[PDB]
């Protein structure tokens, strides 16, 4: 059909800049289901993330050309692909995760993929869905680094706060 080369070249260049690639078994899901998942994804990513159905053969060639390795396992049988080209990469995983849950689907259907290059398995999907966004991770990092200073201030002002605390407790008793 040769239009394949168009998609393989198209797909290949996409996989070179993705921050997320996740393989999902969407077999059995309906047309309405597809539209719905894509709608949830756009609500957060605009054009930045996609959920597409592509023949394993072409998908395999695109991944291959992208220089990825050990993905063959995720391609056993018709497989759809979820990927992010712009924005937080973790949110897309949380979206499809709770979507499968909303659909009472076997979460093992989320086979695995690559998170910013790092391969992850079906089991780790749940761990990724529990990760805070990258933006929140940065906020958390700032707090972790600052903890000694914050701990110092609170430890010191706590001596006076404990006074106010017990005093209100005495008042409370009456």
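Residue numbers count along the first chain shown, from 1.
Comparing 52 to 60 with 140 to 148, the one whose average Cα B-factor in the PDB entry is higher: Looking at the record's C-alpha B-factors, the answer is 52 to 60.
Higher-scoring stretch by recorded Cα B factor average, 129 to 137 or 104 to 112: Taking the mean C-alpha B-factor of 129 to 137 and of 104 to 112, the larger value falls to 104 to 112.
Record-listed C-alpha B factor of residue 45: chain third: Ranked within chain, residue 45 CA B lands in the lowest tercile.
For residue 91, the third of its chain into which the C-alpha B factor falls: It falls in the bottom third of the chain.
Cα B factor band for residue 20 (lowest, middle or highest third within the chain): Lowest third, going by the recorded CA B-factors of the chain.
Residue 84 by Cα B-factor - lowest, middle or highest third of the modelled chain: Within its chain, residue 84 is a lowest-third residue by C-alpha B-factor, going by the deposited values.
For residue 30, the third of its chain into which the C-alpha B factor falls: As the PDB entry reports it, the C-alpha B-factor of residue 30 lands in the middle third of its chain.
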